[PDB]
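Form deposited in one PDB entry, single chain, as structure tokens, below.
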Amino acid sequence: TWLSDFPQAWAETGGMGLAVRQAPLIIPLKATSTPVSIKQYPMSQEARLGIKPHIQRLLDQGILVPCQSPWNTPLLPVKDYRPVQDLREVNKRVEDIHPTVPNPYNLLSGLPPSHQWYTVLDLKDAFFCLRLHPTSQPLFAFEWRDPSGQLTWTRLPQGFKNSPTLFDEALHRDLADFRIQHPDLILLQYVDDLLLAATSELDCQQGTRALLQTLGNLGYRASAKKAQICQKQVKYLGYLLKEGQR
């Protein structure tokens, strides 16, 4: 099965990803920025117990680490509890980058009628596959208490304004060669949502095998549960792709 043939490619069997070819990211600040330390609003025990096992898993995975930082932003006290960091004051102090992710409408314009066999993959915990340079880690620090200090991220965090664009650009670099090796396949990338299109069932099977092999080797992980493999009809970016339509 698709599961068995590519253990490394799937999130369910390959472990947490890590994009091994990508240098740890340095996050430039605006020219006038200085650190902001925002106090953590008190969190109820209910919310703290809800959040706690997620924090512990991330610590175990090395995605969070202890730190002491002059930066601090709050975790939401009401966040099915999973921690959500309010990074708006950090985002304001980080230098802007050009938004290079295409909007879905334009992206799908590059899908020709000749290619009507589809594979759709979504990468699991995509931002977390990208390492942050140690110099940039303190930027994203927050407080954590167990009724005691700060933690921060060692990977590109949720809620950071440039994460989608930086991920999209990193994956484009990592999939550049795949595109060159498979000139007859169509590959659409929208941050962590991928569409592979081919002219035949067999070509789509072979391409999908090569894409999974490649993604796994690079350190990314796709959702086996959500995967739509070699169908003439798929759901991609809120559209139903069918009979060359939409």
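Just count from 1 along the sequence shown to find any residue number. We call the rigid core the largest set of C-alpha positions that still match within 1.5 Å between the two forms.
Although not depicted, the form deposited in another entry is the subject of the following passage.
The rigid-core alignment places the CA of residue 158 less than 2 Å apart between the shown form and the other one. In a rigid-core overlay of the protein, residue 91 has its C-alpha displaced by under 2 Å between the shown form and the other one. With the core held fixed, the Cα of residue 102 is displaced between the shown form and the other one by 2 Å or more. Note: residue 91-residue 101 Cα separation is 3 Å or more longer in that other deposited form than here. The Cα-Cα distance between residue 104 and residue 182 is shortened by 3 Å or more in that other deposited form relative to the form shown here.
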